[PDB]
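Below sits a lone chain in structure tokens, taken as the form deposited in one PDB entry.
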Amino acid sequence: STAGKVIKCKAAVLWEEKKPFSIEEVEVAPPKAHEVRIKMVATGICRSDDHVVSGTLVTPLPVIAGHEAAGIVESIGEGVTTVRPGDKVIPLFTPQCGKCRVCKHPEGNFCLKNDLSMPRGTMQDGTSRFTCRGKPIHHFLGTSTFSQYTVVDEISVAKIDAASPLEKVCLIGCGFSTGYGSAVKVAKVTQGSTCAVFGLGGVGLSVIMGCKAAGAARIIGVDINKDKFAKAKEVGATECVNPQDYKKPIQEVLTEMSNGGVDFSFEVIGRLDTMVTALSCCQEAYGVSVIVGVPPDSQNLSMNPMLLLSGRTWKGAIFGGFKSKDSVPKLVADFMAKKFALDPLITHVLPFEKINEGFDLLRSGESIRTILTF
């Protein structure tokens, strides 16, 4: 039995930037008041986890990364009311405290208890539940899912359907919900519209899924890797373009293709140049562009504000704009009811011990989502 006891288990520790993950024994403290200890079942490899490795996304090291996952509650601390031992759960990398001005706002989801703005790499109480070789190890986004066990704050976990297939619904913990919500909730794509989606990885494909669900008439996928185009068309792209194939800048190409600009554009890569290109390619008077890609740490973009003065709307969002704890159980229920598909995102399924091979597949351009299984 493990309740109230330290667990020794396997985790993938990132000791410093630009190094492989180290698969080794860590110690996981039992949950304190209002905390939940979770036995991991499956976790996806999101490009944001690779950003921690590359130093694109700064968070304290050493760290247990991973934020797109699903598992089963092993134990609960004093005062937990929302999950019980045995429940299937998805960790919420964007918390939902329910009390802050953002949580109370009808359109806010970036709860002020998040650990993304100004990463501390701890639990809400400012301490860590992880040690490895006698050293404290940081948390990541209040989740830390690259471990056989994690501890999360109650506001960073949602109970989901007991019959959920965790090897699929782990993607509702980040990439699916982010892309789909960026289209249906943040952009509010309209029926009959023309969309452009920059980046055709797991999140961009999920944007396409949402644009198609919203009834877009045209969905133009944009990627420098033409190997991504077949799956983009399978999930709803009506055409795909590779900027490398053109002499003109792709914003000009997309403006011409759309007879004067697209209705909705999405940046789903993480580059300053594509953020500005994606804004520019939406119609100057009524176009909307959504930034989804995480930008490189501390770098500013350059743009001409006449792009906005003519009437464009530019916005961004975390986790597709979804209030995380309200939305994740409903998204799982919708998946169970066949309202959307997850299999198109899953290209590889590997044991957790093959985490580095999973990251190599992402970096090589050869995977969409690898699901790691514990």
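Here the rigid core means the biggest group of C-alpha atoms that line up within 1.5 Å when the two forms are laid on top of each other. Throughout, we count residues from 1 along the sequence that is shown.
Another form, the form deposited in another entry, is not on view; read the next lines as being about it.
If you fit the rigid core and then compare C-alpha positions between the shown form and the other one, only one of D125, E78, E107, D245 moves by 2 Å or more. Name it.
It is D245; the other listed residues stay below 2 Å.
So with the core overlaid, does the Cα of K226 end up 2 Å or more away between the shown form and the other one?
Where the cores coincide, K226 still shows a C-alpha shift between the shown form and the other one that is 2 Å or more.
On a core-based superposition, does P165 travel 2 Å or more at its Cα between the shown form and the other one?
The answer is no; the displacement is under 2 Å.
With the core lined up, does the C-alpha of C97 move 2 Å or more between the shown form and the other one?
No; that C-alpha moves by less than 2 Å between the shown form and the other one.
Closer or farther: the CA pair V294/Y149 in that other deposited form, versus this form, with a change of 3 Å or more?
Farther, not closer.
Given that the distance between the C-alpha atoms of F93 and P296 changes by 3 Å or more in that other deposited form, do they end up closer or farther than here?
Compared with the shown chain, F93-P296 is closer in that other deposited form.
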